Visitor: 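Please find one structure pasted underneath; my questions will follow.
The figures that follow rest on heavy atoms only: side chains count, while hydrogens, waters and symmetry mates do not. One is the number of the first residue; the rest follow in order along the sequence.
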Amino acid sequence: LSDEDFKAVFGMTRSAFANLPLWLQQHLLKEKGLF
């Protein structure tokens, strides 16, 4: 995903996502149907 596409899917930057606890990162990936 591009940075802009990442922000559109997750509503946050890549760097913001990396600051989330792993459990929430994984929650969001499943929720959005990605990686």
Visitor: If you look only at pairs with a residue in residues 14-23, which of them pass as a salt bridge (charged side-chain N to carboxylate O under 4.0 Å, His left out), with sequence neighbours excluded?
Guide: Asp3-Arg14
Visitor: What is the ring orientation for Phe17 with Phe6, classed by angle as parallel under 30°, tilted 30 to 60°, or perpendicular over 60°?
Guide: perpendicular
Visitor: With sequence neighbours excluded, what pairs up with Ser15 under the side-chain contact (heavy atoms from CB on, under 4.5 Å) test?
Guide: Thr13
Visitor: In Å and rounded to the nearest 0.5 Å, what is the CD to CD distance from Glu31 to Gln26?
Guide: 13.5 Å
Visitor: Specify the closest pair of heavy atoms between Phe10 and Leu28, including all atoms of both residues, with the distance to one decimal.
Guide: CE2-O, 3.8 Å
Visitor: Evaluate side chain to side chain contact (heavy atoms under 4.5 Å, CB included) for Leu20 paired with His27, printing each intermediate quantity in order.
Guide: CA-CA 11 Å; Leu20 293 172; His27 167 286; over 6 Å; no
